[PDB]
Amino acid sequence: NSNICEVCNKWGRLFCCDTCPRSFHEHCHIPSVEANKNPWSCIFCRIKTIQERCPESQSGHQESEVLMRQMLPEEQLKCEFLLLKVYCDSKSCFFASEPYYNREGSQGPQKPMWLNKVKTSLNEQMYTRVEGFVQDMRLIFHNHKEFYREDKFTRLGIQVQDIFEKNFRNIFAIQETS
Ligand SMILES: [Zn+2]
Ligand SMILES: [Zn+2]
Ligand SMILES: [Zn+2]
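As recorded in the entry header, the structure was determined using X-ray crystallography to a resolution of 1.5700 Å.

If you check the PDB entry, the chain appears there as Nuclear autoantigen Sp-100 from Homo sapiens. This entry appears in the Protein Data Bank under the title "PanDDA analysis group deposition -- Crystal Structure of SP100 after initial refinement with no ligand modelled (structure 27)".

A. Structural detail: the coordination of the zinc ion (ligand 2). Coordination sphere of the zinc ion (ligand 2), protein contribution only: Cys 17 (SG), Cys 20 (SG), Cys 42 (SG) and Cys 45 (SG), at 2.3 to 2.4 Å. Every donor counted, the 4 donor atoms about the zinc ion (ligand 2) form angles of 104 to 118° at the centre, which fits tetrahedral coordination. Taken in chain order, the donor set of the zinc ion (ligand 2) reads C-x2-C-x21-C-x2-C. Of this pair, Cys 17 sits in the loop between β1 (14-16) and β2 (23-25) while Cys 42 sits in the loop between β2 and α1 (43-53); the two residues are 25 residues apart in sequence, bridging distant segments of the chain. Judged by relative accessible area, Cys 17 falls into the buried class, the value being 2%. The class of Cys 42 is buried, set by a relative accessible area of 0%.

The rules we used
Residues numbered from 1 in each chain as written, not as in the entry; some residues may be left out. Chains lettered and ligands numbered in written order. Heavy atoms only, no water. Residues with missing side-chain atoms left out of burial classes, pairs and counts. Donors = N, O, S within 2.8 Å, 3.2 Å for Na, K, Ca; no water. Tetrahedral: all angles 85-135°; square planar, octahedral: opposite > 155°, others 65-115°. Helix = DSSP H or I, 4+ residues; strand = E, 2+ residues; numbered from the N terminus. Buried < 20%, exposed > 50% of the residue type's maximum accessible area, 1.4 Å probe, protein only.

Now the structure itself:
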């Protein structure tokens, strides 16, 4: 196994996957690393199994159809994995915890949102459809763009949204377009 956490790239108290060489901090993995279960398989491994069991699941899909899917176990897993892929980028730090808004010439968003809130919402099974999860994720970046206006810090939102969007298209096998 790797000697650093796959998500945050630090050493520490790591749980090792049994079916691949990745390792994880307990709360870096999503869902949090399970208490027992020998062997244990990480989320990367679980996602690869879904694909292998149903190769046709990689054919192209329309975003509108994906969003309306109910959050059954496989879609829950896919959203957890997409969330984890965002945390994998170090620029996620900016969006992880609860924000506050006091900048001359700007007013804070009407509906603040942040990664750890989305993480809790998934853990608590608060989303009934994929659309719920995707809306909250895109709201994080949209709030940031609106608040920071012409400050160059707005770019951090564009950057982490791009990671989200690329991973959304990959994990849910969105049909490629020009
Ligand atoms: Zn970690
Ligand atoms: Zn694994
Ligand atoms: Zn099949």
